[PDB]
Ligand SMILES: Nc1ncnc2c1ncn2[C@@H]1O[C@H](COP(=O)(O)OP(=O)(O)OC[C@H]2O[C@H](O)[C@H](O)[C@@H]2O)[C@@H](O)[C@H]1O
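Only one chain comes next, encoded as structure tokens, the form deposited without the named molecule.
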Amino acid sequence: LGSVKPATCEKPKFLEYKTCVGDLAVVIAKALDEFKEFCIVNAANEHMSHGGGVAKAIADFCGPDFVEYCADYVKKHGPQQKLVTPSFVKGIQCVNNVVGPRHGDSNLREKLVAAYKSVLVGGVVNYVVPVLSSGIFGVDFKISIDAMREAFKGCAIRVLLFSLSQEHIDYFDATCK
């Protein structure tokens, strides 16, 4: 519960997508120049451990404050399927730690759509989003990306989709064809 301070930038007229392939630092570098402020989506686990993958890069980036926040929170409240936290980085309004579904889970598409829908944070119009469930969680990046387009359709936000893999971003461009 509670709201994050609303962004000082304005919502776009329609849904806008951007992409970035590369290391987290590259992605944030793009986002800080394109977005006045933004939410970064973390591909988390329910323990908010951040031991591997992009969760590890985001944890290392945001630093000790962020690791400590998640740690104190899970100890106090237990495991979370979603946790909107501070980032402790100027320009980064919050980190939205979303736990997506895993390979083989029943009702996969519905669970993917719901995860992306949960990305949204009141007062935030710009988002930096990974391919949820496509790392350790083992879901086909294509179905995750289709889930995203379905979740965000009609939505007045800006979304920077990012990945280490050019294939993932090439596939996104093919969704725009």
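Residues carry their position along the shown sequence, with the first being 1.
The following text describes the form solved in complex with the named molecule, which does not appear among the structures shown.
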(request) Counting only non-hydrogen atoms, choose the one of 66 to 74, 127 to 135, 31 to 39, 146 to 154 that falls within 4.5 Å of the named molecule in the entry with it bound. (result) 127 to 135
(request) Report whether the minimum heavy atom distance between residue 102 and the named molecule in the entry with it bound is within 4.5 Å. (result) yes
(message) I'd like to know if residue 118 sits close to the named molecule in the entry with it bound, meaning any non-hydrogen atom pair within 4.5 angstroms.
(response) no
(request) Examine residue 123 and determine whether its closest non-hydrogen atom to the named molecule in the entry with it bound is within 4.5 angstroms. (result) no
(message) At 4.5 Å between heavy atoms, is residue 168 in contact with the named molecule in the entry with it bound?
(response) yes
(request) At a 4.5 angstroms cut-off on non-hydrogen atoms, which residues of 35 to 49 are near the named molecule in the entry with it bound? List them in order. (result) 43, 44, 45, 49
